[PDB]
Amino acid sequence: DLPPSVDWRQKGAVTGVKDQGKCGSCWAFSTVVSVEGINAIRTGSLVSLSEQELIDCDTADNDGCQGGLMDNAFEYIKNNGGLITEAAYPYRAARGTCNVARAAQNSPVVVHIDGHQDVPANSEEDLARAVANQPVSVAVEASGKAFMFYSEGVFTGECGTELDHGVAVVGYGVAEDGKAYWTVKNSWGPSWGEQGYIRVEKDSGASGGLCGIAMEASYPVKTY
């Protein structure tokens, strides 16, 4: 049965909040949250990974600062020997030549994944049980005024489903007023929302989840 509450931050499986800056690299940050998460859960070691590697090297279908998809990124990580650490390949907020090879010369630490799994489309229920096991990458509509200027509390709307931003759900719970919510780690810096996080109403009336949060969710698989 599903736990009534989940917070991977408290379990040491979530790194600090970052700021993607002007670069449209939300997809890379979302991907990293999920990979950092499953690696911590499987090894007990929380390591900060390189969103920059995805931006520079995962170029087959993803398009650097112009956008991308988390599932395409998971595939890249699976087929290209994992993801290197942040320290080895720091974020530049701009796309540059893929240089992880020489970067790994002096900094070899990487995290591997076996692949990824998609949460059945529009299922907040399936999303809940995926979250109960690990952080999950999701897409939402974040261009709306309400979302953009959110500061605190359980975000109830207003927002549609014009998916344009990739983030990650690191947990879920119920507010004191009885409202269920998803704990979403954003990449707009720690001064936005609740220390960089936004609690999006969970199990709302919206078929695919508020802001379309359950429309295109996926997570990485890792075992050993």
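Sequential numbering from 1, following the sequence displayed.
Mean CA temperature factor is higher for 59-67 when stretches 59-67 and 164-172 are set side by side in the entry. Look at the mean CA B-factor for 26-34 and for 175-183 in the entry; the higher one is 175-183.
Per the deposited coordinates, the residue with the largest Cα temperature factor out of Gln134, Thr85, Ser151, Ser137 is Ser151. Based on the entry's C-alpha B-factors, the most elevated value among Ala130, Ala73, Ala121, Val109 belongs to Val109.
Annotation for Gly21: CA B-factor lies in the middle third of the chain's modelled residues.
Per the deposited record, the Cα B-factor of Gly212 falls in the lowest third when ranked against the other modelled residues of its chain. Ranked within its chain, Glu125 lands in the highest third, by CA B factor from the PDB record. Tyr219 sits in the lowest third of its chain by CA B factor, as recorded in the PDB entry.
For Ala104, the recorded CA B-factor ranks within the highest third of the chain. Only modelled residues enter the ranking.
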